[PDB]
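Encoded as structure tokens, the structure appears first; notes follow it.
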Amino acid sequence: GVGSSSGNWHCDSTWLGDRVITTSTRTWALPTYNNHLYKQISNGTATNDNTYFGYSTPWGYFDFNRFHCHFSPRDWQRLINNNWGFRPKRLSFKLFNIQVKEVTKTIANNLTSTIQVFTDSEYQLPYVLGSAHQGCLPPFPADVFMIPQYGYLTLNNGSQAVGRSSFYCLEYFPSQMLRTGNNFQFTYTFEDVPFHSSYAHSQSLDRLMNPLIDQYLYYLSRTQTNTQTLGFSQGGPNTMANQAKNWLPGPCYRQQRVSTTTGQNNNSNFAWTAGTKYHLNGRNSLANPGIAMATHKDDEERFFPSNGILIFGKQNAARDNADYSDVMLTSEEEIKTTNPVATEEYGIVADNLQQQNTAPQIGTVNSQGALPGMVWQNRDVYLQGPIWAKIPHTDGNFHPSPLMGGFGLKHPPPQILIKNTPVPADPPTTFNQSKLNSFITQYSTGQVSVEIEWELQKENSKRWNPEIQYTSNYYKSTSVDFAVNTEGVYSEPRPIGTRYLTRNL
Amino acid sequence: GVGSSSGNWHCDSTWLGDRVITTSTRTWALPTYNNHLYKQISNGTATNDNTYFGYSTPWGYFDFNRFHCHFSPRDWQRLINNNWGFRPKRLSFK
Amino acid sequence: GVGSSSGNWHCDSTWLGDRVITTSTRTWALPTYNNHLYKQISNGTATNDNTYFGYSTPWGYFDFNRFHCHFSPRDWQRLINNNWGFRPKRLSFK
Amino acid sequence: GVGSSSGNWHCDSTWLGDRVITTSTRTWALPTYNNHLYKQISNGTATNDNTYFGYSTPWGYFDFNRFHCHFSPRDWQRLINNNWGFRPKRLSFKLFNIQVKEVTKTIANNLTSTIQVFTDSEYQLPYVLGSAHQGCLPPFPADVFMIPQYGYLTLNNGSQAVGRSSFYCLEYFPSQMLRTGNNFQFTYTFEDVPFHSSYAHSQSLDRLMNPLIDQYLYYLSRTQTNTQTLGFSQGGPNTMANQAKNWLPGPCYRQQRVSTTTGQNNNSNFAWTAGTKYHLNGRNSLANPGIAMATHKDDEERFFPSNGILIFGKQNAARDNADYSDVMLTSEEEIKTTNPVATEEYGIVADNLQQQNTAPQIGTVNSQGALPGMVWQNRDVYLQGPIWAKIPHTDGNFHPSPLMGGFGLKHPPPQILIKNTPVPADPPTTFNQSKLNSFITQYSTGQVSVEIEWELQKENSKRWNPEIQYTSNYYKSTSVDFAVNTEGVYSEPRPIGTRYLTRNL
């Protein structure tokens with residue numbers, strides 16, 4: 221009905237046992253995108272690394288692939304201070320209280341206009357969620373947000389398409405059409421995904437041994453008396474670097490080190506030239522943030538990999554060339570215990586065969602793929618960070634955990650595509666075969682509810698001393714952190730990670 | 221009802237055994253034709272080969288008598304690359 | 221029996237739903253290999272990269288580990304133009 | 221078993237009511253064709272009219288698509304002198320007493341060798357039966373015949389193939405393999421086909437009226453008194474050509490007239506240049522024998538259409554340039570009553586609009602397609618002639634009766650393909666990937682039985698005077714017609730048609 225609400229506001233979080241159910245409602249506004257048209261979009265030689276061919280669609284899409292879309296900062300604190308892990312279990316999504324409005333400036337209700345909503349439940353469309361794009365549900369529930377426009381990329385050769393390039397018409401899908409009295413809803417069940425490691429290791433991989441007992445294994449301790462010899466010693470509490478060990482640190486893809494103290498950096502523009510990159514079809518792309526490696530070693534917080542960390546912008550940070558004070562650098566220092574430092578070499582290997590005439594030579598391993606016995610931690614998730622990514626449908630993957638963090642899903646939450654149904658203006662009174670291009674200017678607004686049930690891994694720890702916990706600062710300040718200022722602007726002052734509790738290795 | 225949709229968007233093609241079911245939805249616009257009038261229309265001697276007598280009506284009509292109204296180019300490729308023949312069986316219109 | 225066939229020629233491909241059953245028959249000829257002997261075979265330093276030690280046996284073996292042993296080119300076209308994937312399920316050998 | 225017969229000799233004809241069951245057994249010999257190879261065969265510019276692209280296969284095939292394969296001359300006489308029509312109903316086919324022989333010259337039994345037999349029951353192979361080819365079962369049961377080699381043609385552009393050209397491997401079919409103790413058999417049911425008209429009409433199409441009564445309809449009898462006028466007369470017994478009539482003679486595709494008295498023919502080589510032809514894809518082919526038309530009119534037996542009749546060769550007639558005395562011309566004069574004469578025009582049509590200043594002009598119709606009210610007879614079948622043809626699988630056909638006579642079948646008796654299974658000679662003792670080309674020289678022989686049940690249309694005639702019947706000549710002769718001569722050669726002295734009884738129109 222026109223005069224009856226099609227749904228209620230549901231913003232809440234219920235903690236019950238090993239589950240937390242976050243539900244969040246937001247008010248959205250969907251404009252008409254592309255003037256109801258599908259437009260081919262391209263970029264040519269811009270450098271070759273940035274070329275693309277794709278399509279802009281008249282469809283919007285709903286994104287809730289950030290943790291702050293579901294967790295309030297206090298709820299995030301509850302989660303990270305008390306749980307060793309968490310994972311999504313199921314979600315329910317609702318569209319309701321839809322209002323389609325005609326603008327001629334006067335804005336009027338168009339009671340008979342529709343919106344079209346469908347979920348790509350078969351994953352037949354290019355999945356553009358999981359690319360850390362803007363347009364997600366705002367962290368602050370009172371915030372009204374604009375629905376982002378759906379577009380996708382296909383195969384390109386410069387600015388040109390190839391024969392394998394795919395064009396998708398989203399109208400070629402079954403869509404529910406909704407008038408102002410209608411509502412849309414669907415439920416989704418997450419696949420069995422591993423718990424995110426919401427903990428930092430309280431032991432280092434090279435310090436898993438008893439510090440009081442010698443090893444019964446020997447290591448080559450000396451090769452020279459001086460003349461050649463072979464001296465063997467037992468690894469013990471003092472020669473702990475020489476001890477036989479069962480495991481290796483995780484893989485390494487070395488990144489350039491950048492200091493937040495700019496005077497310590499090289500006086501050159503090396504963000505791209507020295508950037509750590511991968512090469513794909515003659516195109517260079519940053520390995521950003523790349524594989525999960527420790528941001529820095531001990532007492533080197535000022536250092537970060539050049540493109541090896543998630544960088545969030547503070548409120549009102551510039552899109553381009555934001556200063557360091559306008560951005561929020563994350564740090565994966567919690568995984569120092571298992572993952573190699575992002576800006577350091579993995580290790581040292583022999584580069585030759587030493588003889589009595591040739592001294593042994595060593596090679597510095599700046600990139601190390603998977604080795605047996607290697608263990609590693611994934612990148613941390615953040616309150617502002619992504620939740621899930623679609624695992625690409627390929628023959629093979631290795632540890633398909635998304636590199637910007639979160640849960641890798643073969644069948645992620647489906648894309649929810651929404652569009653204002655075009656309403657033609659008055660057509661001519663004589664028939665014209667040409668497609669109509671005169672449309673009533675129109676936009677829709679409504680409420681969107683997303684409810685996610687998360688399973689929790691409770692910490693079962695015998696640690697005696699108190700743990701590190703995320704806490705708000707006790708000292709006075711002009712404004713409350715994670716609140717609005719005097720102008721009503723909600724801001725997130727820092728990126729809240731997830732690893733505060735500790736586990737043994 | 222004014223505020224309730226009377227139907228959903230159904231564009232799809234389902235291939236099942238020896239059948240393919242194409243469904244296509246379009247948005248149409250119908251003007252007022254002829255100012256609601258029936259008009260006699262004619263053409264005289269124009270050559271005699273092109274003469275006609277008929278009527279223009281205030282009515283529109285729905286035409287879906289082209290294959291691309293129902294088959295996407297990919298669906299057409301699926302049909303023509305794999306089948307020796309095809310024929311329509313039934314239609315539903317909304 | 222000497223005068224009775226022990227099997228029929230079965231070259232065919234049946235496409236049924238999500239399965240394709242390829243059957244192929246060939247005429248083979250098996251000689252006597254190695255004069256019924258097992259022979260040690262070797263290769264020495269030829270470079271070291273190509274050295275080997277092994278045995279030649281008087282046995283033959285049946286190989287059908289190529290796709291064209293089972294798919295005609297037209298069947299291969301049917302498979303690759305219409306399917307996102309395929310995998311063997313079972314085989315029978317005669 | 222090696223020492224047990226796999227079937228008996230069954231040559232017989234049983235007449236029972238409205239059915240006749242012909243069964244015929246023959247001894248066949250199948251060589252190895254093509255040295256077990258499939259060979260591409262072509263012919264280029269030979270004229271363009273004779274170009275082809277195709278394949279020769281190592282397979283033989285069984286043909287029994289001639290009436291004398293099933294009917295003895297006496298049985299044919301029984302059929303044609305007493306029945307208004309007949310049609311095949313079902314057939315059973317048998318291969319048995321197979322002997323595969325090795326030739327090294334000494335010929336020995338190869339008891340373990342096989343032949344491969346299969347029927348193209350799905351009509352997936354090019355159907356080469358119904359092209360009036362040699363290699364059918366011999367008319368004389370004592371005659372041992374060689375199995376013809378199977379080959380087919382596909383699309384050609386000169387001697388070249390096109391992308392649409394089809395290659396068929398007959399080994400790609402399931403075949404029954406038969407050793408000397410095995411037999412092969414299958415049954416086939418003919419589709420509902422019209423009875424062949426085993427009768428000639430005793431009335432002419434233009435003489436269906438009562439010769440004693442005038443018509444009540446008038447015809448324009450005079451246009452001139459002299460001055461213009463309009464005089465109308467009633468068609469009657471004397472103005473029988475002017476009478477209103479309900480039907481038209483069958484369609485016409487005029488053929489050139491040739492006299493068996495060669496002195497009456499033009500002194501030129503016009504068999505091809507004046508031949509009646511159709512044009513297909515830039516290729517000219519004789520319309521041979523073309524549509525069923527009367528061979529000649531009354532008292533013109535010496536005349537025949539140049540390529541409009543079936544011509545059978547007498548025994549030992551030359552393949553090329555056989556004299557008229559060595560061939561047997563058929564005659565379709567029985568269909569004069571309904572079909573136009575093959576060498577005459579269909580009729581006369583107006584070519585202009587007559588006025589007081591322009592005299593009326595007439596056009597001679599030398600080719601007339603189907604008109605409403607047209608009736609016609611098909612070509613007669615002959616004891617030596619074909620029985621059936623496969624109706625080509627097309628969107629449209631008009632009166633799909635085969636032009637050389639017989640029954641048009643959408644699903645004719647399937648091709649029966651037979652091949653000696655290749656038996657390799659001794660392979661080398663070291664492996665060679667190349668296909669084996671050294672084979673034991675081999676041929677097979679056996680017996681083939683084909684049983685066809687024919688349905689008969691009994692004549693139900695009130696004709697008072699005796700009918701025309703096919704009869705042997707009473708007068709003495711050196712040899713019996715349709716018998717062997719002193720050398721054991723069976724000969725068919727004349728083509729026996731089928732139309733001896735009469736029906737009214």
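Chains as they are written, first to last, in the authors' numbering: chain i, 221 to 265, 269 to 327, 333 to 453, 459 to 738; chain 1, 221 to 265, 269 to 317; chain n, 221 to 265, 269 to 317; chain B, 221 to 265, 269 to 327, 333 to 453, 459 to 738.
Cβ atoms here follow ideal geometry from the backbone N, Cα and C, with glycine treated the same way.
Check                                                                                                                                                                   : Outcome
Quick one: what does DSSP say residue 741 (chain i) is sitting in, helix, strand or coil?                                                                               : As shown, chain i starts at 221 and ends at 738. That puts residue 741 (chain i) outside it, with no answer to give.
Tell me whether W299 (chain n) sits in a helix, a strand or coil according to DSSP, three-state version.                                                                : helix
Give the single residue among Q467 (chain i), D532 (chain i), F412 (chain i) and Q431 (chain i) whose Cα lies nearest to the Cα of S226 (chain i).                      : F412 (chain i)
Touch check for the stretch 362 to 369 of chain B and the stretch 234 to 243 of chain B: three-plus C-beta pairs under 8 Å?                                             : no
Quick one: is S403 (chain B) near chain n, going by C-beta distance under 9 Å?                                                                                          : yes
Taking beta-carbon pairs under 9 Å, can you tell me which members of the stretch 223 to 256 of chain n lie near chain B?                                                : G223, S224, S225, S226, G227, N228, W229, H230, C231, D232, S233, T243, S244, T245, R246, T247, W248, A249, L250, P251, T252, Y253, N254 and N255
In chain i, what lies closer than 9 Å to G221 (chain 1) by C-beta?                                                                                                      : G221, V222, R407 and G409
For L302 (chain i) versus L689 (chain i), is the C-beta distance shorter than 9 Å?                                                                                      : yes
Taking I261 (chain B) as the reference, give the member of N271 (chain B), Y275 (chain B), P251 (chain B) and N255 (chain B) with the closest Cα.                       : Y275 (chain B)
Tell me, to the nearest whole angstrom, how far the beta carbon of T280 (chain B) is from that of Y378 (chain B); I am working on the premise that it is less than 8 Å. : 5 Å
Rounding to the nearest angstrom, what Cα-Cα distance links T247 (chain B) and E684 (chain B) in this structure?                                                        : 15 Å
Using a Cβ-Cβ cutoff of less than 6 Å, which residues in the same chain neighbour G541 (chain B) once the five nearest sequence positions on both sides are dropped?    : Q488, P522, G523 and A575
How would you call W229 (chain 1), buried or exposed, if buried means at least 16 neighbouring beta carbons within 10 angstroms?                                        : buried
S432 (chain B) by DSSP, collapsed to three states: which one?                                                                                                           : coil
Determine, using beta carbons only, whether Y284 (chain i) and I343 (chain i) come nearer to each other than 9 Å.                                                       : no
Out of curiosity, what's the CA-to-CA distance linking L440 (chain B) and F290 (chain B)?                                                                               : 44 Å
For a quick check, are the C-beta atoms of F672 (chain i) and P661 (chain i) less than 9 Å apart?                                                                       : no
Report all residues from its chain with a CB closer than 6 Å to the CB of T415 (chain B); omit the five preceding and five following residues, and keep chain order.    : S315
For the beta strand (DSSP E) that contains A269 (chain n), what are its first and last residues?                                                                        : Careful: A269 (chain n) lies outside any beta strand (DSSP E) and carries neither H nor E.
Along chain B, which residues have their Cβ under 8 Å away from the Cβ of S315 (chain n)?                                                                               : None at all; the shortest Cβ gap to chain B is about 14 Å.
Quick one: what does DSSP say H512 (chain B) is sitting in, helix, strand or coil?                                                                                      : strand
Are the stretch 611 to 623 of chain B and the stretch 593 to 600 of chain B touching by the rule of at least three beta carbon pairs closer than 8 Å?                   : no
What residues in the stretch 281 to 312 of chain n have a beta carbon less than 7 Å from any beta carbon of chain B?                                                    : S295
Between the stretch 722 to 734 of chain B and the stretch 546 to 563 of chain B, can you find at least three pairs of beta-carbon atoms closer than 8 Å?                : yes
Applying a beta-carbon distance threshold of less than 7 Å, which residues of chain 1 neighbour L669 (chain i)?                                                         : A249
Under the three-state reduction of DSSP, which class applies to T334 (chain B): helix, strand or coil?                                                                  : coil
According to the neighbour-count rule (16 or more other Cβ atoms, all chains shown, within 10 Å of its Cβ), is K623 (chain B) buried or exposed?                        : buried
Got a sec: is the Cβ-Cβ distance from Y378 (chain B) to anything in chain n below 9 Å?                                                                                  : no
Run through chain 1 and tell me which residues come within less than 8 Å of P661 (chain i), C-beta to C-beta.                                                           : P251
I believe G468 (chain i) touches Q443 (chain i) by the beta-carbon criterion, under 8 Å. Please report the beta-carbon distance rounded to the nearest angstrom.        : 4 Å
Tell me, please, whether the CB atom of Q675 (chain i) is closer than 9 Å to any CB atom in chain 1?                                                                    : no
If you measure from the beta carbon of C397 (chain i) to each beta carbon in chain 1, is any gap under 9 Å?                                                             : yes
If we cut at 9 Å on Cβ distances, does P657 (chain B) have a partner in chain n?                                                                                        : yes
Quick check: the Cα distance between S710 (chain B) and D371 (chain B), rounded to an integer number of angstroms?                                                      : 24 Å
On a Cα-Cα basis, can you pick out the residue from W505 (chain B), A389 (chain B) and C397 (chain B) that is closest to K652 (chain B)?                                : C397 (chain B)
Would you check if there are 3 or more beta carbon pairs closer than 8 Å linking the stretch 312 to 327 of chain i to the stretch 383 to 400 of chain i?                : no
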